[PDB]
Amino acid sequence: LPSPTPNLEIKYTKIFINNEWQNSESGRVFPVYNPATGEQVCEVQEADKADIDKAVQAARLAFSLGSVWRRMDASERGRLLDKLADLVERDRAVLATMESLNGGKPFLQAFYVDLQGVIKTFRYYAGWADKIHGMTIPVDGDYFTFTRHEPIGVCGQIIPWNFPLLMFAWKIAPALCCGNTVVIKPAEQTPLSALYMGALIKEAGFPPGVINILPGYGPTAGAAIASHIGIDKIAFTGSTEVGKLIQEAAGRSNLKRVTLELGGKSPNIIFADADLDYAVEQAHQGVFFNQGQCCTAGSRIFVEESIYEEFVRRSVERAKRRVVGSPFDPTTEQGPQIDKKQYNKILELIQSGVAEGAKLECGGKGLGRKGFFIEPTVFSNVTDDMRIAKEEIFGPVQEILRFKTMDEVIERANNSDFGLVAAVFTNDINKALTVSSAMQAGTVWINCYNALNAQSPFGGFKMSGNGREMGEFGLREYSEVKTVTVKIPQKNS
């Protein structure tokens, strides 16, 4: 198996604008921490509005008609994405080490999940660049009508700390595929892998200004992007709460186009005719993967009454043996939460569960004295009115509910402001299709959980988001459609 890079240097700590490494305009640098120890790893140049402004100017010039990026064959945009994939593959262990050190992700999981996703995302979209087609249309009257799908322009992108590098790839790959330029802001907690990608972008040979990477905080760098009158499109992944602010800012400023990938409280429905041991393991991973810090978390597990007691027992056994420890250690299943703020929020919600009469089966406490580790926690006898049944915990807390009928569980699963994902476990084709069709969710899994692929679109119903990422449909957010209608002397079919 691969090992964490020894003596990892953090070489790239500056703002990346126009393929040049720059100090912040203010001169400030901000600290970056290791969530396993609480100790400072390094300092990073702290971008604010002045820096955003320079980045937008660079991105706008790079998007100008006649520029290298605009004149480039679509196929050559694709080649650049493929080159970037090659470089990520070359530096896979370094990047996984960085994600582990900075993000708290177990190194092997960062290597085999996150980095695999990054590489596959770039390789997938590399293939789309010269296959984005408009249409020719048999309109009424003596006209020739066609559509031209063009890049929108300068795209602002704001990404979270739970999947720093993977979300970076999810954002820039479709944007670049379509020929846009980018100003991207990684989360304050987790800038490092994004900055390393700046070095790879330069090495790959992207024209200056096509990707600009602006590390810094939300009210400064993030807000400056959201309200910028020179940015045509914003893509945001994060909390539903902040998503509302993004949409508001878009409306108030320049009506920039918006897509949002937001939170969830996703249902996972287990029928008695499911493969039980498989369902237990899948539901366990479905909530505990990535320290519970997944918008996809299956945080409402509905179990059919006849298998409820056994499902709970097996789930508790599994949670009790789940190995929490140092991200670099190959035995580790679960690393720390990202920071103290998240740690405290999780503990408060656990206490709410106890207070409101959910059965605490195991866990419920922090682990150790350093970093932000929390015991794998299981609640049973959860009911729909409980805070823990409604609020996104974003930590290692499993909630198990009971149901009797398919009609009941469909209603209860759908009774949410959220609708990111859902799942159903059953060997009955009729139940599987009925439930999956009825779910108000952007992705529904049948007899699996957390099965994501570069080829398949992903996004929220309701307040879990607007628009889709990944697959062909991810590209729809990153082009502007132009209809051209030409008068012709006479039309024939």
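Between two forms, the rigid core is defined as the largest C-alpha subset superposing within 1.5 Å. Just count from 1 along the sequence shown to find any residue number.
In summary, of the stretches 259 to 267 and 169 to 177, 259 to 267 shows the greater Cα distance from the shown form in 6 other deposited structures of this protein, with structures fitted on the rigid core. Averaged over structures and residues, the CA distance from the shown form in 6 other deposited structures of this protein after a core fit is larger for 237 to 245, of the two stretches 181 to 189 and 237 to 245. In all of the other compared structures of this protein with flanking residues present, residue 480 is modelled, so it falls below the one-third mark for missing coordinates. Among the other PDB entries of this protein that were compared and that flank it with modelled residues, residue 70 is modelled in all, so it is never left out in a third of them. Comparing 252 to 260 with 67 to 75, the higher mean C-alpha B-factor in the PDB entry belongs to 252 to 260.
Here 310 to 318 and 95 to 103 are compared by their mean Cα B-factor, and 310 to 318 comes out higher. Residues shown: 111, 168, 128, 278. Highest C-alpha temperature factor in the entry: 278. In the deposited coordinates, the residue among 207, 160, 364, 222 with the greatest CA B-factor is 364. Ranked within its chain, residue 179 lands in the lowest third, by CA B factor from the PDB record. Among the modelled residues of its chain, residue 137 has a C-alpha B-factor that falls in the lowest third, as given in the PDB entry. Among the modelled residues of its chain, residue 244 has a C-alpha B-factor that falls in the highest third according to the deposited record. Residue 371: CA B factor in the middle third of modelled residues in this chain (values from the PDB entry).
For residue 484, the recorded CA B-factor ranks within the lowest third of the chain. Only modelled residues enter the ranking.
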